[PDB]
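The chain that follows stands alone, in the form deposited in one PDB entry, written as C-alpha cells.
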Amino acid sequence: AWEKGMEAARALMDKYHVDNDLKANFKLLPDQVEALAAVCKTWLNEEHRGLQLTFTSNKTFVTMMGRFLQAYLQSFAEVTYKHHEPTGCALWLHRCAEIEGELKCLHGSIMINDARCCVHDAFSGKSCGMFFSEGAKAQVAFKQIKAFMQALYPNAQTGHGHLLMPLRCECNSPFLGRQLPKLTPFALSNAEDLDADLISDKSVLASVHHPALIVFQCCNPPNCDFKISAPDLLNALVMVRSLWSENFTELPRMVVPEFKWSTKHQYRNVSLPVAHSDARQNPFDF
C-alpha cells in the first residue's frame, strides 16, 4: 500500500517542518533518504538536544536514522523493492566473544596470526577484509558491545550474539578494495580509570569493563566520511523506534537481514572494464 506510507511520511515531514523542496520530491522511492534524515535531525534537535555520540560522525548518525525510518515506513505500508534493503545493515553473529584470544572473520574462519588476519591473508583475493593490528584490543571491543546489548536488553531470547553492522557506506550506493565498511577497534582512554563499582547504569559499566569500541568506517578509508560506533548505531535504531511509536503507536514488522558470507563481499583486486559512453551509432567508419 504505497499511498499509506506515502501519506504517513508527509505527515512526519509536516510535523517536523522539512523544506517543501525536499518534501515535494519524496515519492517513497528506493533511496530517497535526505528528507527522512531531515525529519530525524529536527526531531533530535527538539526532543534530544543532549545527544552525545562516541566516535561517530553526526551526519552519519542521522543518515542511519533515515535508513531505519525508511525501513519502517516501507514495512508499515507493505512496500517492497526487488533489490533494495532499506536499513543497509545486517546482523553478523560475531563469535569473537566466546573463546578468549579467538577472534573470527566474516568467513567464519578463526583469525590467524600479536596481530590477526583473515585466514586467506597468510589483504587480497578471497579475503573478507578483516585485519587487526592488536588482537587483544579487538576482543575487548567485541566483548564491550556484547555487554552493552545485555544492559540495554536484560532478558531477551536472542540478539546478544549478533552485531548490527552496516553493509553500505556513502560509496556503496563495482569498485576496488573492501566491499564492506571497515571496522577499526578504538580504545576508551578515560574509561580505563573509573571505579567499576560505580553508578547503577550497567550500559556505562560495559565500557568501563571493556574500554574499546567497534567503529565502522567507509569500505576503503571511492571513499567517504562514513564513521559510526557500534553502540551509536544500535541507539540509531532504538531512537527511530521511539520516534515511530510517538506518532503511530504500533511498530510494524521490520526485519534486518542476518549476515551470510558469500563471494560477492570478497576483497576486489582487479577491475572490470566499464564502457565510456559514445554519442555514435556505429563504432567505426569505413
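In this text, residue numbers run from 1 along the sequence as written. By rigid core we mean the largest C-alpha set that fits within 1.5 Å across both forms. Shifts are known only where both forms have a C-alpha.
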item: Size class of the missing deposited segment between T80 and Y81; value: none
item: Interresidue gap class [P221, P222; deposited sequence, unmodelled]; value: 10 or more
item: Mean C-alpha temperature factor, higher of 44-52 and 244-252; value: 44-52
item: 259-267 or 9-17, whichever carries the higher mean Cα B-factor; value: 259-267
item: Deposited CA B-factor, highest of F142, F76, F216, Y153; value: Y153
item: Residue with maximal Cα B-factor (values as given in the PDB entry) among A191, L167, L164, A71; value: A191
item: Among modelled residues of the same chain, the CA temperature factor third for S203; value: middle
item: Position of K182 among the chain's modelled residues by C-alpha B-factor, lowest, middle or highest third; value: lowest
item: Record-listed C-alpha B factor of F131: chain third; value: middle
item: Ranked against its chain, the third holding the CA B-factor of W2; value: middle
item: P86 - which third its CA temperature factor falls in, relative to the rest of the chain; value: lowest
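Just so it is clear, the following notes concern the form deposited in another entry, a form of the same protein that is not shown.
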{"property": "Core superposition between the shown form and the other one, C-alpha change of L93 at least 2 Å", "result": "no"}
{"property": "After fitting the core, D19 CA displacement of 2 Å or more between the shown form and the other one", "result": "no"}
{"property": "Flag for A196, CA shift 2 Å or larger between the shown form and the other one after aligning core", "result": "yes"}
{"property": "Cα separation of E192 and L51 in the other form versus here, shift of 3 Å or more", "result": "closer"}
{"property": "Consecutive stretches, 3 or more residues long, displaced between the shown form and the other one (C-alpha shift of at least 2 Å once the core is aligned)", "result": "189-200, 270-286"}
